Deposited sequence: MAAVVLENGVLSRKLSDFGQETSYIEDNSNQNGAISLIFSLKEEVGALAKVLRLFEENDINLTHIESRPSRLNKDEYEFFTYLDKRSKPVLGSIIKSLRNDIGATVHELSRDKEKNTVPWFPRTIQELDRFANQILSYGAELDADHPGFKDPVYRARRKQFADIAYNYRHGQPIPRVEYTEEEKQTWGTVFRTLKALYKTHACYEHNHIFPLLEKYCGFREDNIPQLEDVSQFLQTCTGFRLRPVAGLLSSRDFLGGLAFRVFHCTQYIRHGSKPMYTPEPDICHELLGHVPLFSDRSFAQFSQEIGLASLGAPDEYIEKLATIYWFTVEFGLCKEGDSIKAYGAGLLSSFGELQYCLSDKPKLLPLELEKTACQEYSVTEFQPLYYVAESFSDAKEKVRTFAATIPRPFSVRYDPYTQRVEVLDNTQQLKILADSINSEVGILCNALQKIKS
């Protein structure tokens, strides 16, 4: 029930993924195809191919205002020029790949897609106006800007201290080794104290120093497709508000207690950063049927996952390390335990309110990453994906010549490994 389907705006998003071999007038005739169709020369970004030395890569920033001229441009690119063109569409019409950000800067177009009666603090006028304050800050956040520092009230630090003290007194014996290895660093350099709520900017700079992970403040719950897409760029969309103080041990939406105490410590581990990033890469362009399956894998791993540690079993999921009740429950004899196998984990039924009657126990973060990679090969998409941390852009792999470049790259790295 944690899967949220993605919605579309009035403008939407359309991207044309195609390469072009350098020829006499080749780059000019492609820009002519867009210029002669009343498409601005700033939406058509051309860059050199990061694999083929003789090809250009095009980044088209379009929307639903190009529907009439799209059919003519795609036909010329496929028939006359004869290039492989991939049509991205946000509305996910047939014969089109669902839209996904190709660069880390493209995460801003759908960062405002956010999903009252029995919510805790609905009848609190001080708390209600403060939720509009944190939401407005997130709506105005753009990539590159520093996360705005918000002064927290004394009453909110009490809510954080209640969740902090109970969970910290249980981390030593119930949390995984990675959690208890990163957490002391967060207490000293990010101010992870009982009487202090850490700032997202101080945590974002810490995550960038450990694994390059970035925090982007969001007003609420993004769609499963948009949230996973951020993991491919090692960007963790998180909230900035805190839960209501009347019931400190319940939150229908991820609050700052869930993000900083559940996701942040494990995100500082590189082996875990690659696992969460691999899930995001599988979501890029994935169909709706497989976005939900990836959200289910995300539920039984990053959110409510167990990991082996010698002859014992510890918890690494964020929903367990941010919930005092289920943390004592996950490492007990009440629930059933099954080995992590994504062939049936993605089709496993679950609930978001009550405890999990069944948990999947992973062998290691590296083992879980390889399973997500193998599962990604079954996701119907006409290409594979690879992240380039130097440029913070996604490399779209389709040509066999690109694999020749990747094969020679591996061969060179192996040759360096032989010299020892």
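If you line up the deposited sequence with the model, which stretches have no C-alpha coordinates? Missing from the model are residues 1 to 21, 137 to 142, 448 to 453.
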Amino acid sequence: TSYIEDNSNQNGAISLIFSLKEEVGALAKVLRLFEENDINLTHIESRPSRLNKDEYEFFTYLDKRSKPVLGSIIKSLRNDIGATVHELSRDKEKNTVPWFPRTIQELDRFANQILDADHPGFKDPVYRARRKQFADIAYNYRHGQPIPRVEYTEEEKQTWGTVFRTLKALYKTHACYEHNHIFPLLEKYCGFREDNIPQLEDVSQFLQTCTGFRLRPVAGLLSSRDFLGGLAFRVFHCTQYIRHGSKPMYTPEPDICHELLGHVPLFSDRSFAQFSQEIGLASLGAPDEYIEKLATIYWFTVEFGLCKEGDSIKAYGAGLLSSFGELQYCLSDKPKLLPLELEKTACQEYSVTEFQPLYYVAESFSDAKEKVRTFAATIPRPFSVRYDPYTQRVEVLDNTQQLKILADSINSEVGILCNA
From here on, numbers count along this sequence of modelled residues.
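Higher-B stretch (mean Cα B-factor, as the entry records it), 22 to 30 or 370 to 378: Per the PDB record, 22 to 30.
Please compare 228 to 236 with 247 to 255 and say which has the higher mean C-alpha temperature factor in the record. It is 247 to 255 that shows the higher mean C-alpha B-factor.
Given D54, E45, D38, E395, identify the residue with the highest C-alpha B factor in the PDB entry. Spelled out: the listed residue with the top C-alpha B-factor is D38.
Kindly indicate the residue among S323, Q277, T211, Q348 with the greatest C-alpha B-factor in the PDB record. Going by the entry's C-alpha B-factors, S323 comes out highest.
C-alpha B factor of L261, ranked within the chain: lowest, middle or highest third? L261: CA B-factor falls in the highest third of its chain.
Comparing against every modelled residue in the chain, figure out the third that the C-alpha B-factor of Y290 lands in (lowest, middle or highest). It belongs to the lowest third of the chain when residues are ordered by C-alpha B-factor.
Please place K75 in the lowest, middle or highest third of its chain by C-alpha B factor as given in the entry. According to the entry, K75 has a C-alpha B-factor in the chain's highest third.
Would you mind ranking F134 by its C-alpha B-factor against the rest of the chain and naming the third, lowest, middle or highest? For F134, the deposited C-alpha B-factor lands in the middle third.
For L406, does the deposited CA B-factor place it in the lowest, middle or highest third of the chain? Middle third by C-alpha B-factor.
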